[PDB]
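Colleague: Protein chains in written order, with the deposited numbering: chain a, 18 to 298; chain q, 16 to 298; chain t, 2 to 69; chain d, 2 to 69; chain h, 2 to 69; chain s, 1 to 235; chain c, 1 to 239; chain g, 1 to 234; chain b, 9 to 272. Note that the Cβ used here is the ideal one computed from N, Cα and C, for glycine as well. Below you will find the structure I want to go over with you.
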Amino acid sequence: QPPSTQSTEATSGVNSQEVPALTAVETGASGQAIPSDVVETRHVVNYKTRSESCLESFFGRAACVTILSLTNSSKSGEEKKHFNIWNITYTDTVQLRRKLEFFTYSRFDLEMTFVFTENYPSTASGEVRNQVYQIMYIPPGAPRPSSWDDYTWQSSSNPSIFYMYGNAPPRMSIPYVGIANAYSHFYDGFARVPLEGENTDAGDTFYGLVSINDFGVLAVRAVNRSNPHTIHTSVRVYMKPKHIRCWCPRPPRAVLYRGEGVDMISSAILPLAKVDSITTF
Amino acid sequence: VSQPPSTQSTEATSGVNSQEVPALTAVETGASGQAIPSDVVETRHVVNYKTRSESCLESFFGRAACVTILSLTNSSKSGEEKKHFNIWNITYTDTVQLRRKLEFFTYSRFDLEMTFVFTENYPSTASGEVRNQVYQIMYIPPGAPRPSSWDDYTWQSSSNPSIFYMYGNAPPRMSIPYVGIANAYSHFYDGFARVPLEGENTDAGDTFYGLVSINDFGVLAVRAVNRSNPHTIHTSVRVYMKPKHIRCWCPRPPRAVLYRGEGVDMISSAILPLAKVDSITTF
Amino acid sequence: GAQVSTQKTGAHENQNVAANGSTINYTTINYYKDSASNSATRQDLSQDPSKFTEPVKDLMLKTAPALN
Amino acid sequence: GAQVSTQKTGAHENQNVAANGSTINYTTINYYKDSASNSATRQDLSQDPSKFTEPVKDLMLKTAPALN
Amino acid sequence: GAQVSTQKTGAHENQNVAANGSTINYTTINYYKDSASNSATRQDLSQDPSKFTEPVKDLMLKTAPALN
Amino acid sequence: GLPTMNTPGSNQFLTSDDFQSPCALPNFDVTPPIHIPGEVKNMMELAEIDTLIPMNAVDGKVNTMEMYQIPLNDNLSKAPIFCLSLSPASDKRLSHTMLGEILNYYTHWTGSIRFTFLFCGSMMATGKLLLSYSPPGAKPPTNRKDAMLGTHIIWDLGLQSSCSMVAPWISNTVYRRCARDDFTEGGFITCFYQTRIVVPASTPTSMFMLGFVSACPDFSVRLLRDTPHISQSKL
Amino acid sequence: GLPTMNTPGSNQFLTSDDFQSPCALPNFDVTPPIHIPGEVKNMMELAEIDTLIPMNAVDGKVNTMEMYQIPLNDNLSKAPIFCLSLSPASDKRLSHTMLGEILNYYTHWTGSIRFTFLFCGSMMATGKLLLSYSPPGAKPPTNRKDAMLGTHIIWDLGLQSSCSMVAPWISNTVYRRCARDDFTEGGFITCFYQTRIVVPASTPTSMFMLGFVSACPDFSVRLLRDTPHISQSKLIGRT
Amino acid sequence: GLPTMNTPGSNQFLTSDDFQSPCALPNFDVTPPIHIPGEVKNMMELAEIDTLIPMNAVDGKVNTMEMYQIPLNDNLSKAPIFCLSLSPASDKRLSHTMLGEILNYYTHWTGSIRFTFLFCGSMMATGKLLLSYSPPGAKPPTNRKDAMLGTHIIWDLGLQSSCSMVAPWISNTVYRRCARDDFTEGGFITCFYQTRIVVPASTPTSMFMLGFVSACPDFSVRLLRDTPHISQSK
Amino acid sequence: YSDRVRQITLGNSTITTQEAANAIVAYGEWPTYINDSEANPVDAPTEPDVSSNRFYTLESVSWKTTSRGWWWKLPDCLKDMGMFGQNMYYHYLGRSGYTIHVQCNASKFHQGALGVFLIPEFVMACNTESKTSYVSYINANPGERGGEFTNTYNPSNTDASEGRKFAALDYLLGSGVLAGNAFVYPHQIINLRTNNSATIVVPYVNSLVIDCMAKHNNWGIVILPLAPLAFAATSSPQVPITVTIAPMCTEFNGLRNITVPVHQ
Ligand SMILES: CCCCCCCCCCCCCC(=O)O
Ligand SMILES: CCCCCCCCCCCCCC(=O)O
């Protein structure tokens, strides 16, 4: 059988030199008292468990992490909008990063699902054939395409997915790919150490984990040639960690995020509500 | 691998001139009469192979029913933005046929299957090309944030469950485990969420009574996924539900009159459900 | 790890269990880790109406005068 | 080469002992070469909160004075 | 007629021994008559660098002077 | 990978479907069960409970408490007190009973039906009643004489006041329809006096009787259908 | 060759889906695991950590460090020093403690909750404090007299600087909702002086106490949900 | 017949797929294999082969044969005579060697790197060179002193015409990016004279050294990626 | 053998007290040397032993009744500390655990409390608003001197000079995270009422087995005046706070020419 939470044993009145209800918070230890130490209790049997809050369950759902914008353009301009290159990150989304940021370190495999949706944004509606999209991963160090029709879309090594609109949302599994044994959610350091002969103005984005995060980019394009009647396609990227362990827990952020790091906005330094009094329930 | 039980078989009988007369049985005791044909008439022996399977509760409650209809609209007109967003509480107030069947019991325990049927039409005189739509359904448990609009951050659904459905594929489906905080769902609640006290208003609790005051399992949110098209398109979403793995307790009669509202309220215009006949001796 | 059991009978059966040999067996496999995902249970034909039709303290006999 | 294991219980299930019926079992087969492609793992419900709630070198008993 | 093999490990998996847990197990069946239709082969980690890095007729030792 | 063929019936939504599906809330542990009394396992357990028959729903006595009260008296009569069509689903009065309500969710039914009558007179009241069931397909019971060509019980009013008659399962068919049609003739149930009710001076002269109907243990139903007694405004 | 029938639910994307999928990066050599201190296996392990309660959320204390300081004084008063609604993921004061933050991701919760109080006055100061909990009925106590008619502990201020009270699981339900709800209201916690704080010469007359809250070992949660505690402007796709 | 559910990812094409498929040419006779010499089973077998380093990157020696010829003189000097940034894939001097090119098909790499040098001067000339590797996060090896502080060997010129210096895998990360990631700095490889080259009368006083780079046996690579060194018109 | 009395003996220095709370071993783990099974570099390691694993004192700070806290980075503080400091500049890589002992003496008539929290990866926000993550090396790494917290936020949106600094807000712990949950991190509290000292054993924590100390601060330390300092005197007496730190099981790898970082 799986473990359940502990049962509470039956108790009665106590008159002893034992002090389970008294402690010393200063030690760094939490209080250890349970109802059986403080009040008379009955025997209960606990069949309730905590699987619902295990880390795999906590992090068990896919979340939207970014939105990409692709356009099929019949105009002389906006050819460039046929493809969209995004830095891979989860920091565009606050709900997911907040959950991940409960831990200093994490190790997990990741799976991605994409959802495509499209409309006809122009007043001049007309026939458009069903379109196909290519999702290409460009690893760090790999070349970027300059255009939707750029030769690098050949993908001889870069992995990619060809999705035809209307089929089941495309999907793929990614193994843990850190160069460390665990992913770092936080990094109190610099990518490079400025040395004595260097300028004293020594910030310039070197500070923070952001400066050491290069997981490549995701390049998505429509794979066709322009059609007279244009399309705006929105691609929502979903992520779900899988097989996840974490270490060195930390409290969540109470205020709105400012960019990639832990920077704060002056408009959100006061996260808690006021009350009328200390004595109001 | 065994023979299922059949309904009661009949033994052969003959008339009995005795002091044992089961026909004359009291009901004043609260018991029902138990006589069967072998007790009152001469009978033929009959082997009984008939099985009460459709009457078991799992079968009675084993079919999906439409529960509600949601209206979702996709349009380029700015005044229609709010119509791409549809919020609905889960309740079976909206569906007479299913509510009534559930009512036969005071309490029930079951897992529930949900299926969504989407249908598209043009609500206006527009009829040009639009692109195939995608719909998102996310469930928002009590206490979770609600989206303010169809296009918002809460749609991230990082912890809330959700389904993305492409129009034209098989209707999406999901199983929901029993979610009560009780050991059974209550079909009825003869009580108040809170007890007013210490001299507060004597009318207190007047609008906070009955099952609705304690019934909150969350809300279902459905939204258009696509950016707007020049030609307005409307989708009717039919939500179907089917209980399964079901146990029930404490029988009740079914409602005999037109329901009105969430609870047991009668409608004054329809409290006369029984048909009249011409005579007690009509046949 | 499949389960095998009999089917509800149809038009060409003699209505006896296993009297139709293997004809009436079917195979079912659960594909999910969460039992909520399972298809409906085997019909449970067990029942006991006395809970509602003869809920009495003093056992009643059919031939005895009910009001002894 | 299937794995067979117990399902989490639901509405019509047993005493949450998973020792009552075989109808609570389910099966699965891994279909991909990398384990990263598999389903989420079986839940490990082992816990040890003491490493965060009472990380003290010199152990105190809860009924002892915290400080003597 | 399925064959089985060890899956490559992942994030929550065991040590590099890959010997811990029967759950690391990818199962496969070929569905075509031509083996050209089969999925890719098992990783072959066998290596022989001497063919290209030390194809010396003489026996050369690393500690011995290369010359003499 | 594995070659497959999609047969007809694929990707359809059937409301009677019994296929497995992913759990939206996977690994939710279910709130533990407790014993709750009154567990119901089969709808038949409720069909077998005696329920009052709304027999006197005539001339303003319809949809009132008096609707279930069958009048009786101390006069001379060779006429029926009451008459019911047997069909538990089509008779207007039997349909609106617990048995009829469970039954109305079904199209076919079979088995014997129990009719129990309780006399609520004075203790000093006496008399004897003739209750009978006449199988279908012949001149209806009409008077008290023809009514005896069939199953009957003579109810001698006494301390064990309540009594019952079972309209035995007699049919040509295996099952009968719940739907009214001309073929599925249920037969008739009527009751008339063997003798008038007799009471002593200065006691009530009129009395009421309460009839009940319930399923016998051999009873069953088959195919489910929507119930015609439920209604709603268009949504 | 093998005939098949697609069921409802086919070709849909469920965020709760646990189906297997192809690897985009086959045969990848995964960096080996190492031992890392502080592994967390369950979120509940963090829920059991005692953290401070921002009780003093009155105007001028709210959102500053003084928010966590419960005032105490040697003046004699029968008034309560504090009051809390026991609704750990709703009460403005509790929803942002670590226990509340974990619970903000859950819909339903259960089990006892522990409250620990640390006195930070001088060594020279003494007195006695009454902590009390009552089930969600009758009236919140506004008087020590009623506070006594419930579950309570009297804490001798002394060398053991801290004490705790546990609000036992008393509920009609198995699980209470996190969402504010009258039906599932959790009860009341209050504190009164039993004995005024006694202050000798040269000792300050005002003191602070730090209150803490944590999950007890029997504590559990049922169901995940999104938190109404973090937000952002609408996200617009790069173009 | 058999009830089934299509999952996300259905009816999509992944270039990384490893699925079975029907044969377009049923029952085809594949010409039998023969023992073809020189079999390669793994790309690392090529990574371990010593190839030349195009060290003489000075304008005018670029894209010519002289590109691989490192000049030496008998002139007394304390100057550095060699400066590599190590990153096998991103260093302009290494990215075009076979090791660097193999790595330009990978995102990450590990293991120690070997540098082998060959003296091609007169038989008559002798002397000693300092070959040194200095870990990153430090002032470049400006002079011989700094080179001596780091990991080094002294190559005493004689009959054994070559020598090997190894730059061990000292890294904070397990793997480094192949990409020019300032975070995973290579460190520095340099060379100083240990002593002036001693040249007897009537010999050349200017000679060349060749350098080679190869993978050590603990070397490996990770994810495959497109190489930036090749292109074409649309 | 009471819990209130301790003797800490590392290297060639001993710290004692007649008043302490039992020491915390974060996560229940002691610092150890890297096992062959988890090693990254192949360089035979430098193991300074007593040369590094001894206590050093950071400059004492004064606790005023208006203080909002102090912070230090652990490896940064020890950067100039004798041989430990030299090995940091001589090697690319290095690893150490720590023993941290914090003291603050007070009279029986003083009240107030200092929480001592250790934050693995203590990452503080940029005080510029403007461009994100703009922090200078020099201000990020103050040495044993440390830096402080304020109760006001004033990002220097118009000037980098005050922007190169951290937005060290006390009530959001410099990161946006509420101070009341600081207790999640290993911590011990010095309550002037009773306990005058705190001891915490700190394991090395990273995603790597070993890293470069010149680039990364594995741990930070925060001392927060959770309860105000007070005394009956209106003089609002300040009391010293002394933080004493020793590295543990120190090892270094990757000997290189000694480096010097950008200086003030
Ligand atoms: C074919 C697509 C390959 C995508 C590779 C990148 C996978 C996610 C990298 C980890 C995300 C950052 C985590 C962190 O902040 O520590
Ligand atoms: C992801 C979707 C979650 C849906 C949760 C709601 C499930 C139904 C709640 C129970 C409603 C009352 C049932 C009853 O009357 O017996």
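Roughly how many angstroms separate the alpha carbons of a/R238 and q/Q148, rounded to a whole number?
Modeller: Residue 238 of chain a sits at position 221 when you count from the first residue of the first sequence. Residue 148 of chain q sits at position 133 when you count from the first residue of the second sequence. Going from the Cα of a/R238 to the Cα of q/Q148 covers about 20 Å.
Colleague: Can you have a look at s/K78 and say buried or exposed, based on whether 16 or more other CB atoms are within 10 angstroms of its CB?
Modeller: By one-based count along the sixth sequence, residue 78 of chain s stands at place 78. With fewer than 16 Cβ atoms within 10 Å of its Cβ, s/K78 is classed as exposed.
Colleague: Which class does a/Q171 belong to by DSSP, given the choice of helix, strand or coil?
Modeller: In the first sequence, the residue the question calls residue 171 of chain a occupies position 154. In this structure, a/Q171 counts as helix in the three-state DSSP scheme.
Colleague: Decide yes or no for the touch test of the region 185-204 of chain a against the region 21-35 of chain c: beta carbon pairs closer than 8 Å, at least 3 of them.
Modeller: Because the criterion of three Cβ pairs below 8 Å is met, the region 185-204 of chain a and the region 21-35 of chain c touch.
Colleague: Under 7 Å, Cβ to Cβ, is there at least one residue of chain b near c/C120?
Modeller: The residue labelled residue 120 of chain c in the question sits at position 120 within the seventh sequence. Chain b, which has a Cβ nearer than 7 Å to the Cβ of c/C120, makes this yes.
Colleague: With a threshold of 6 Å, establish whether the CB of b/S215 neighbours any heavy atom of ligand 1.
Modeller: Working through the ninth sequence from its first residue, we reach residue 215 of chain b at position 207. Not under cutoff, so the answer is no.
Colleague: From the DSSP output, in three-state form, read off q/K257 for me.
Modeller: One-based indexing of the second sequence puts residue 257 of chain q at position 242. q/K257 falls in the strand class under three-state DSSP.
Colleague: Whose C-beta lies closer than 7 Å to the C-beta of s/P140 among residues of the same chain, with five residues either side of it excluded?
Modeller: If you number the sixth sequence from 1, residue 140 of chain s lands on position 140. Excluding positions up to five away in sequence, the list reads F188.
Colleague: State the Cα-Cα distance for the pair a/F232 and s/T7, rounded to the nearest angstrom.
Modeller: For the purposes of this step, residue 232 of chain a is taken as residue 215 along the first sequence, with counting starting at 1. For the purposes of this step, residue 7 of chain s is taken as residue 7 along the sixth sequence, with counting starting at 1. One C-alpha to the other measures close to 44 Å.
Colleague: Looking only at its own chain, which residues have a Cβ that is under 6 Å from the Cβ of c/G121, when we skip the five neighbours before and after it?
Modeller: For the purposes of this step, residue 121 of chain c is identified with residue 121 of the seventh sequence, where counting begins at 1. The residues are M207.
Colleague: Do g/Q12 and h/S40 have their CB atoms nearer than 7 Å?
Modeller: The residue you call residue 12 of chain g lines up with position 12 of the eighth sequence. The residue you call residue 40 of chain h lines up with position 39 of the fifth sequence. Going by C-beta atoms, g/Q12 is not nearer than 7 Å to h/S40.
Colleague: Using a Cβ-Cβ cutoff of 7 Å, what residues of the region 146-175 of chain g are near chain b? List them in chain order.
Modeller: Answer set for the region 146-175 of chain g: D146, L149, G150, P168, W169, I170, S171, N172, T173 and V174.
Colleague: Below 8 Å on the Cβ atoms is my guess for b/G90 versus b/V58; work out the distance and round it to an integer in Å.
Modeller: Here residue 90 of chain b corresponds to residue number 82 of the ninth sequence, with the count starting at 1. Here residue 58 of chain b corresponds to residue number 50 of the ninth sequence, with the count starting at 1. In fact, because the Cβ distance is near 11 Å, the residues do not count as touching under 8 Å.
Colleague: Tell me whether q/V36 sits in a helix, a strand or coil according to DSSP, three-state version.
Modeller: For the purposes of this step, residue 36 of chain q is taken as the residue at position 21 of the second sequence. In this structure, q/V36 counts as coil in the three-state DSSP scheme.
Colleague: Could you tell me whether the Cβ of h/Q44 comes closer than 7 Å to any Cβ of chain g?
Modeller: As a working note, residue 44 of chain h is residue 43 in the fifth sequence. Not one chain g Cβ lies under 7 Å of h/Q44.
Colleague: Can you tell me the Cα-Cα spacing of g/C163 and g/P135, whole angstroms?
Modeller: Indexing the eighth sequence from 1 puts residue 163 of chain g at position 163. Indexing the eighth sequence from 1 puts residue 135 of chain g at position 135. The alpha-carbon atoms of g/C163 and g/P135 are separated by roughly 21 Å.
Colleague: Report yes or no: is there a C-beta of chain c within less than 7 Å of the C-beta of a/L235?
Modeller: For the purposes of this step, residue 235 of chain a is taken as the residue at position 218 of the first sequence. So no, a/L235 is outside the interface.
Colleague: Only counting the same chain, and skipping five residues up and downstream in sequence, which positions put a Cβ closer than 6 Å to that of q/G77?
Modeller: Sequence index remark: in the second sequence, residue 77 of chain q carries index 62 (1-based). Around q/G77: no qualifying Cβ.
Colleague: Quick one, are the C-beta atoms of g/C178 and g/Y106 less than 7 Å apart?
Modeller: Residue 178 of chain g sits at position 178 when you count from the first residue of the eighth sequence. Residue 106 of chain g sits at position 106 when you count from the first residue of the eighth sequence. Yes, Cβ-Cβ distance for g/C178 and g/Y106 is below 7 Å.
Colleague: Examine ligand 1 and report whether any of its heavy atoms sits within less than 6 Å of the Cβ of a/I152.
Modeller: In the first sequence, counting from the first residue as 1, residue 152 of chain a sits at position 135. Result no, Cβ not under 6 Å from ligand 1.
Colleague: Taking Cβ to Cβ, would you say a/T247 is nearer than 7 Å to a/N89?
Modeller: The sequence position of residue 247 of chain a within the first sequence is 230, counting from 1. The sequence position of residue 89 of chain a within the first sequence is 72, counting from 1. Yes, they are a contact pair.
Colleague: Is the Cβ of a/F125 closer than 7 Å to any Cβ of chain h?
Modeller: Walking along the first sequence from the start, residue 125 of chain a turns up at place 108. True, the Cβ-Cβ gap to chain h drops below 7 Å.
Colleague: If the criterion is Cβ atoms closer than 7 Å, does the pair b/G155 and b/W79 meet it?
Modeller: On the ninth sequence, residue 155 of chain b is found 147 positions in, with the first residue counted as 1. On the ninth sequence, residue 79 of chain b is found 71 positions in, with the first residue counted as 1. Yes. Within cutoff.
Colleague: Quick one: using the 10 Å Cβ neighbour count with 16 as the cut-off for buried, is residue 240 of chain g buried or exposed?
Modeller: With chain g running from 1 to 234 in the structure shown, residue 240 of chain g is simply not present.
Colleague: Quick one: what's got a C-beta closer than 8 Å to h/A67's C-beta in the same chain, skipping five residues either side?
Modeller: Residue numbering aside, residue 67 of chain h sits at position 66 when the fifth sequence is read from its first letter. Taken in chain order, the residues that qualify are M61.
Colleague: Report the residue from q/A46, q/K257 and q/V61 whose alpha carbon sits nearest the alpha carbon of t/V57.
Modeller: Counting from 1 along the third sequence, the entry for residue 57 of chain t is found at position 56. Of the candidates q/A46, q/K257 and q/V61, the one whose C-alpha sits nearest the C-alpha of t/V57 is q/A46.
Colleague: Helix, strand or coil, according to DSSP, for t/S36 in the structure here?
Modeller: Position 35 of the third sequence holds residue 36 of chain t. Helix.
Colleague: Check whether the region 116-133 of chain q touches the region 163-181 of chain a, taking contact to mean three or more Cβ pairs, one atom from each stretch, closer than 8 Å.
Modeller: Result no; under three Cβ-Cβ pairs closer than 8 Å.
Colleague: Taking only the alpha-carbon atoms, compute the straight-line gap between a/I155 and q/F100 and give it to the nearest angstrom.
Modeller: On the first sequence, position 138 is the one that residue 155 of chain a refers to. On the second sequence, position 85 is the one that residue 100 of chain q refers to. Roughly 36 Å separates the two Cα atoms.
Colleague: Report the rounded CA-to-CA distance for a/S68 versus d/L46, giving the unit in angstroms.
Modeller: To locate residue 68 of chain a, count along the first sequence from 1; it is residue 51. To locate residue 46 of chain d, count along the fourth sequence from 1; it is residue 45. C-alpha separation (whole angstroms): 6 Å.
Colleague: Taking the alpha-carbon positions, what's the g/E66 to g/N56 distance?
Modeller: Along the eighth sequence, one-based indexing puts residue 66 of chain g at 66. Along the eighth sequence, one-based indexing puts residue 56 of chain g at 56. So the alpha carbons of these two residues sit roughly 7 Å apart.
Colleague: Which of the three DSSP states is assigned to g/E66 in this structure?
Modeller: Along the eighth sequence, read from residue 1 onward, the residue named residue 66 of chain g stands at position 66. DSSP places g/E66 in helix when its eight states are reduced to three.
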